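Peer 1:
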Amino acid sequence: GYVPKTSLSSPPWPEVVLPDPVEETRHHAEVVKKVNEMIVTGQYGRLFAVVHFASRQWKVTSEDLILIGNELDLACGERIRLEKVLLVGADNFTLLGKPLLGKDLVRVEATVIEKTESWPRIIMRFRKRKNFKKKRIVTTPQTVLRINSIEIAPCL
Amino acid sequence: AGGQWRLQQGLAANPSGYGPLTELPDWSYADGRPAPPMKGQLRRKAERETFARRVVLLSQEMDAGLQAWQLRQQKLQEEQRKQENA
Amino acid sequence: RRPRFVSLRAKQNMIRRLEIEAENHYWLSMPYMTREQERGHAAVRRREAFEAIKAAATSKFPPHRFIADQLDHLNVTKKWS
Amino acid sequence: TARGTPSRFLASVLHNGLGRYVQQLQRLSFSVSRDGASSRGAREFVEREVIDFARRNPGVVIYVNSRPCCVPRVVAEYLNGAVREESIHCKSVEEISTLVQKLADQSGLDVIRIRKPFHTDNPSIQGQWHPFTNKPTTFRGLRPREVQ
Amino acid sequence: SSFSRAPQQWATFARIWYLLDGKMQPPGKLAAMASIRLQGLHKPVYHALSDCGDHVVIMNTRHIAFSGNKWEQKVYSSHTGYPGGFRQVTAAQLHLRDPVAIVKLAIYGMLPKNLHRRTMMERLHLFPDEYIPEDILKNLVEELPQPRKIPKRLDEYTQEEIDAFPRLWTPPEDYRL
Amino acid sequence: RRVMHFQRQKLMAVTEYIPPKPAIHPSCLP
Amino acid sequence: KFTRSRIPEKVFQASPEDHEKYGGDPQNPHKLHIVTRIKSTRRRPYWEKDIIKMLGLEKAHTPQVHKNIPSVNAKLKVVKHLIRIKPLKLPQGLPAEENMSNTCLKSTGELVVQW
RNA sequence: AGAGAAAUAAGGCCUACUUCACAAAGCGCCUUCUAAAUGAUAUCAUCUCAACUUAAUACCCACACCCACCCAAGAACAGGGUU
RNA sequence: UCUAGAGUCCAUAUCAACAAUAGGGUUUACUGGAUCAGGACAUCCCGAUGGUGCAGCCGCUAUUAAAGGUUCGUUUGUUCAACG
RNA sequence: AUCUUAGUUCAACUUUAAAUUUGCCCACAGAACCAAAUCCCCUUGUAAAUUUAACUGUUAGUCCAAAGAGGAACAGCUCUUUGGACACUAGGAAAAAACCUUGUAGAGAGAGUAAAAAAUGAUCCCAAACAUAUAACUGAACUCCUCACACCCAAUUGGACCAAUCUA
Ligand SMILES: [Mg+2]
Ligand SMILES: [Mg+2]
Ligand SMILES: [Mg+2]
Ligand SMILES: [Zn+2]
């Protein structure tokens, strides 16, 4: 009800009322079509994607390298495709999954260029006065994936 | 970090729990043929399988126990009728 | 110093646990069977499991020994020629 | 230890996977003593494993000689000039096969702490951040508390 | 944005001069904003070992306002080192004695307690009144908003907003008002 | 008037009496 | 002294107000309990460490299934403050000898087939 | 509100006395800066955790030398003077 | 802190009994002096103020105040005490 | 128990090897006349327990919750009992063995959580600040994630390896 203006009647935040959904759906469809027609004509440049892999989310783009700390049972130089793209972006548009993007909309290619074992790491435990001292050396294996192409398709 | 919200919407509290992120195959070959599944997926299939087998086994045992009780009630409540003749 | 000043966050944590255990109280006031109905329904499985334990415990014995393993140790002087 | 050790950045030889993958190992020298007891696993590897490895990797020239006379060793040479020696004395045929495959499966860089796990040459697409992104501009470009 | 190497590197890590008025602002709020900006904790490119701190220029530092009776209670303490040289001075006294010191001590407290602190304090410029040197005016870039909204007194309420508000009660007429 | 173990303190705090709010404030209504 | 606690049965009596507050029903109760541990066995008496070691609840959350029969409830009434009990729900029935390897347990406690 | 006289403390000096004698000293000398008025909550009243009005200068201060001699400057180094 | 008992009348000008609320220890039986002193105020003096039964300096109590000062001797050394 | 409490022997506990089959939890029933609980077992959840052969090592510990006896119902006081923790990891309460959270161990430049913030006398005060922009976020070696796994207790006990020298 009515309450005369004071410092606490209304809260200190603005009354933000959202647009009516009937028109908002049309607006969203229009902008989606605009982005789609950008994609069809090749109106974009270099691309970047947020690829989910071994357990990590790598922000990657064409020609870059990535180092996974787990062997991937792939021969040297065998092309592979990285599913689970969370976000793919260009200069003017970017596409966000919920939480992944469809297999058709984005295609990320990578290659296995090197498989090796990481530099030696030390694990030393020590406790004072209890004669408790032990030392271990671990070399976790790892593999380097080059990313060869992020291609996009006009399926929106 | 919205574990409260995720559990309020029938989702796993931990996005690395069960979902498209953790169990879909992380990669395929370039040509299209799928990849030998990941160890974590195999281990989770095995543990879920064991969970299901235990579920069915316990439920079966409880139902069979109820049926056995029914049989004993029959053969002790009715076999006393055999002493109600002659 | 020695006394403390119990915060609001601690109260909320304690109330969370209290609610969880009240739900636990609820899900334990309705059993599927009764004391007498359950009696014996697991006897067969228990007996077989303990028999498996017994058969495991009563099988200890030294491993076999093969002539091949003993004669393989002569390979430690195998030479080309 | 890290501080007590060199380091490098994540890299490749000649942008290896960009155009076409090339196998960096190019030469592999086995010294196997015909008599020594430590050269037993090596002799097994040469007798029943080196031909298959040669067939699977035709870009690697494998030489084997029998004149260390007491101790074996494998010396791997790479495209980028790096050499790498490994002891195969007193090792099993399984260990030697695993080692030789490991040698053939890596680039000849140094095995030292990789500072970054991701190396990108074009890290930005929309323009790297600088303090004037996301900051407005005012009429005629006036500084605060100006007059004209 | 296709800038060459060196120009890009210079553009990203450059230093920006932020003005910040202080009229009727409390020392702590100005201190919080100044601490964030001096440290570099407003730059997505921040790090402790990158020296991304910026410049801050707080003027009207003479006119700050302390909440409550803090003027008569907040006691700053110092010790010369010599016996008997333990001086405790209220906020009003230290304000008259040095009109910049309250805000400077606030910002000094909030900042981190490491060697970098002094360097950051070399980039805090505090001027007691509206006047600022030319060589510093010609460097400012932005003007951070005041964190407390100066409540406005009856002298600057127009009759429109005075009669818009209702008259909540009725006096008697015999009463002499 | 000795101090209590901390967990007993939390228990005393969480179980503290909360009174039922009156429907209306007596000052501005009987 | 400190002693085992014998909980009066009066607490384990669902009321007409509790029944509509959780998704349960007096008649036709639920077969299996899904139980998880949400508290440490450490700092608690040994007659709870042993109970937890017996119910398979050694690891943390890691849900585990048990019968809803009083012989097990007597054990869960001792460790009721270190566990969360929910009732397993089967809105698609027990799986067959096919669909054992394609099951899944959702956070709401429903076992389902093929995700 | 002033004026004398003494001691002590700090700081300094060597004209006289004194111990002494190109000087250092003291026993000697000099300097030391909570009662009201108006007045509301409670129209009288009320000093007001009501608004509101009353009850230290001084000292230091020259960017760029140093072999030698002298010195009231000094442990060495520094410092003052050498017209 | 209740004044309740007194005080030539009267609790508040003084003691203020018991108790209560406060801060602090009680070990024997069946370590000073010289030298230099740093610090607190629970103030001995000096300073400011209230009441007085000081009608007045001084007295008495009460508030405030720690910048400064706080002697020399005879007898003797659980270290104090007495005395000029 | 000991001319014994600065130690020894036996037991209890620990370890290894071996044999066998029941061990723990546990409702109902049951244990006196003169409050907490305890004892005992059918089931049930479990996989351990007893016995034999063979050795060493520890032993009269501290703090916290509780019930008692002694000193007040105090003196951080001696002692008995039930439990926890410490002498083992890690995160919190400021620093913190004894309170709260947490265990089975490696790599990650991934994720979700646990506990966890104050209200209204003597050298020198002691984080700095903040009354009102929607409650969520932060937070571990706990848990999940990709890979790998024998790889965080004292005394003691078992095991797998091995540097250097001599001899065949
Ligand atoms: Mg003399
Ligand atoms: Mg029994
Ligand atoms: Mg773990
Ligand atoms: Zn009212």
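Protein chains in written order, with the authors' numbering: chain S, 49 to 204; chain j, 23 to 108; chain o, 22 to 102; chain b, 2 to 149; chain K, 2 to 178; chain I, 37 to 66; chain Z, 35 to 149. Beta carbons: idealized from backbone N, C-alpha and C, even for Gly.
1) Can you tell me whether S/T109 is buried or exposed, with buried defined as 16 or more other CB within 10 angstroms of its CB?
2) Roughly how many whole angstroms lie between the Cα atoms of K/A7 and K/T159?
3) Hey, how far is the Cα of o/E42 from the Cα of j/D48?
4) In chain order, which beta strand (DSSP E) runs of at least 3 residues are fully inside the segment 42–98 of chain j?
5) CA-CA distance, S/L135 and K/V58?
6) As an exercise, report each continuous alpha helix (DSSP H) stretch of at least 4 residues that is fully enclosed by the segment 79–160 of chain S, in chain order.
7) Who pairs with b/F119 in a beta bridge, going by DSSP?
8) Where do the N-terminal and C-terminal ends of the beta strand (DSSP E) with K/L39 fall, by residue?
9) Write down the C-beta distance between j/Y51 and S/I128 rounded to the nearest angstrom, noting that I regard them as a contact closer than 8 Å.
10) Please list the partners that o/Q58 has in chain j, where partner means a Cβ-to-Cβ separation under 8 Å.
11) Quick one: list the residues of chain Z neighbouring o/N34, beta-carbon separation under 9 Å, in chain order.
12) Could you name each continuous beta strand (DSSP E) segment of 3 residues or more that falls completely within the segment 48–99 of chain K, going from the start of the chain to the end?
13) Taking the beta strand (DSSP E) that b/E87 belongs to, which residues open and close that run?
14) Are the beta-carbon atoms of b/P132 and K/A15 separated by less than 8 Å?
15) Could one say the Cβ of residue 1 of chain b lies closer than 8 Å to chain S's Cβ atoms, at least one of them?
16) Buried or exposed: where does b/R49 fall if 16 or more other Cβ atoms within 10 Å of its Cβ makes it buried?
17) With H, G and I counted as helix, E and B as strand and the rest as coil, what does DSSP make of b/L29?
18) Using the three-state DSSP reduction, which class does Z/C138 fall into: helix, strand or coil?
19) Give the DSSP bridge partners of Z/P121, in chain order.
20) Hey, does b/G82 have any beta-carbon neighbour from chain S nearer than 8 Å?
21) Could you tell me the alpha carbon to alpha carbon distance between K/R98 and b/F119, rounded to whole angstroms?
22) Taking 6 Å as the limit between beta carbons, can you name the residues of its chain near b/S30, skipping five residues before and five after?
23) Could you tell me which residues DSSP pairs with K/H126 in its beta bridges?
24) Can you list, in chain order, the residues of the segment 117–134 of chain S whose Cβ is nearer than 9 Å to any Cβ on chain j?
25) Looking at C-beta atoms only, is the number of pairs between the segment 185–196 of chain S and the segment 50–70 of chain b that lie closer than 8 Å three or more?
26) Taking a contact to mean a Cβ-Cβ separation below 8 Å, would you say Z/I119 touches Z/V45 in this structure?
27) Tell me whether K/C53, by its Cβ, gets closer than 7 Å to a heavy atom of ligand 4.
28) Output the distance between the C-alpha atoms of Z/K114 and Z/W81, rounded to the nearest integer angstrom.
29) Since K/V142 is in the beta strand (DSSP E), which residue starts that stretch and which ends it?
30) Closer than 6 Å by C-beta to b/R28: which residues in its own chain qualify, once you throw out the five before and the five after it? Chain order, please.
31) Tell me whether the segment 158–175 of chain S and the segment 86–94 of chain S touch, counting them as touching only if at least three CB pairs, one residue from each stretch, are closer than 8 Å.
32) Do you know offhand how far S/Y92's Cα is from K/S3's?
33) Which residues in the same chain have their Cβ closer than 7 Å to the Cβ of K/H96, if we skip the five residues on either side of it in sequence?
34) Using a Cβ cut-off of 9 Å, pull out every chain j residue sitting near S/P147, in sequence order please.
35) Measuring straight from C-alpha to C-alpha, what distance separates S/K163 and b/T2?
Peer 2: For this structure:
1) Numbered from 1 along the first sequence, position 61 holds the residue referred to as residue 109 of chain S. With 16 or more other Cβ atoms within 10 Å, it is buried.
2) Position 6 of the fifth sequence, counted from the first residue, corresponds to residue 7 of chain K. Position 158 of the fifth sequence, counted from the first residue, corresponds to residue 159 of chain K. About 56 Å.
3) Counting from one through the third sequence, the residue named residue 42 of chain o turns up at place 21. Counting from one through the second sequence, the residue named residue 48 of chain j turns up at place 26. So the alpha carbons of these two residues sit roughly 40 Å apart.
4) For the segment 42–98 of chain j, whole beta strand (DSSP E) runs of length 3 or above, ordered along the chain, are 49–51.
5) The count along the first sequence starts at 1 and reaches residue 135 of chain S at position 87. The count along the fifth sequence starts at 1 and reaches residue 58 of chain K at position 57. Between S/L135 and K/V58, the C-alpha separation is close to 41 Å.
6) none
7) Numbered from its first residue, the fourth sequence carries residue 119 of chain b at position 118. In the DSSP assignment, b/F119 is bridged to S/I114.
8) The sequence position of residue 39 of chain K within the fifth sequence is 38, counting from 1. Per DSSP, K/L39 lies in no beta strand (DSSP E) segment; the continuous alpha helix (DSSP H) that holds it begins and ends at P28 to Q40.
9) In the second sequence, counting from the first residue as 1, residue 51 of chain j sits at position 29. In the first sequence, counting from the first residue as 1, residue 128 of chain S sits at position 80. Correct: roughly 6 Å between the Cβ atoms.
10) As a position in the third sequence, residue 58 of chain o is number 37, starting the count at 1. Going along chain j in sequence order, the residues near o/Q58 (Cβ under 8 Å) are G87, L88 and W91.
11) Here residue 34 of chain o refers to the residue found at position 13 of the third sequence. Simply none; closest approach about 12 Å.
12) Counting only unbroken stretches of 3 or more residues, the beta strand (DSSP E) elements lying wholly within the segment 48–99 of chain K are 56–59, 76–80 and 87–91, in sequence order.
13) For this step, residue 87 of chain b is matched to residue 86 along the fourth sequence. Here the beta strand (DSSP E) through b/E87 covers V84 to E87.
14) On the fourth sequence, position 131 is the one that residue 132 of chain b refers to. On the fifth sequence, position 14 is the one that residue 15 of chain K refers to. Their beta carbons are under 8 Å apart, which means b/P132 touches K/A15 by this criterion.
15) Lying outside 2 to 149, the shown extent of chain b, residue 1 of chain b is not represented and no answer is given.
16) As a working note, residue 49 of chain b is residue 48 in the fourth sequence. That one is exposed.
17) What you label residue 29 of chain b is simply residue 28 of the fourth sequence in a count that begins at 1. DSSP places b/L29 in strand when its eight states are reduced to three.
18) Translated into the one-based positions of the seventh sequence, residue 138 of chain Z becomes position 104. It is a strand residue.
19) Within the seventh sequence, the letter at position 87 stands for residue 121 of chain Z. Note: Z/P121 sits in a beta bridge opposite Z/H67.
20) The sequence position of residue 82 of chain b within the fourth sequence is 81, counting from 1. Not one chain S Cβ lies under 8 Å of b/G82.
21) Residue mapping note: residue 98 of chain K aligns to position 97 of the fifth sequence, counting from 1. Residue mapping note: residue 119 of chain b aligns to position 118 of the fourth sequence, counting from 1. Using only the alpha carbons, I get a separation of about 57 Å.
22) Start at 1 with the first residue of the fourth sequence, and residue 30 of chain b comes out as number 29. Result list for b/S30: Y64 and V76, in chain order.
23) Here the question's residue 126 of chain K lines up with position 125 in the fifth sequence. Answer is K/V58, bridged to K/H126.
24) If the cut-off is 9 Å between Cβ atoms, the segment 117–134 of chain S has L120, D121, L122, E126, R127, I128, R129, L130, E131, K132 and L134 near chain j.
25) no
26) Walking along the seventh sequence from the start, residue 119 of chain Z turns up at place 85. Walking along the seventh sequence from the start, residue 45 of chain Z turns up at place 11. Result no, Cβ atoms of Z/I119 and Z/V45 do not sit closer than 8 Å.
27) By 1-based counting over the fifth sequence, the position of residue 53 of chain K is 52. Outside the cutoff, so no.
28) Position 80 of the seventh sequence, counted from the first residue, corresponds to residue 114 of chain Z. Position 47 of the seventh sequence, counted from the first residue, corresponds to residue 81 of chain Z. If I take the Cα positions, the gap works out to 13 Å.
29) Taking the fifth sequence and counting its residues from 1, one reaches residue 142 of chain K at position 141. Here the beta strand (DSSP E) through K/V142 covers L141 to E144.
30) Residue 28 of chain b sits at position 27 when you count from the first residue of the fourth sequence. The residues are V62 and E78.
31) no
32) If you number the first sequence from 1, residue 92 of chain S lands on position 44. If you number the fifth sequence from 1, residue 3 of chain K lands on position 2. Using only the alpha carbons, I get a separation of about 16 Å.
33) Within the fifth sequence, residue 96 of chain K is the residue found at index 95, counting from 1. The residues are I103.
34) What you label residue 147 of chain S is simply residue 99 of the first sequence in a count that begins at 1. Against S/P147, the close residues of chain j are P37, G41, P42 and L43, in the order they occur along the chain (beta-carbon pairs closer than 9 Å).
35) For this step, residue 163 of chain S is matched to residue 115 along the first sequence. For this step, residue 2 of chain b is matched to residue 1 along the fourth sequence. Here the alpha carbon of S/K163 sits roughly 23 Å from the alpha carbon of b/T2.
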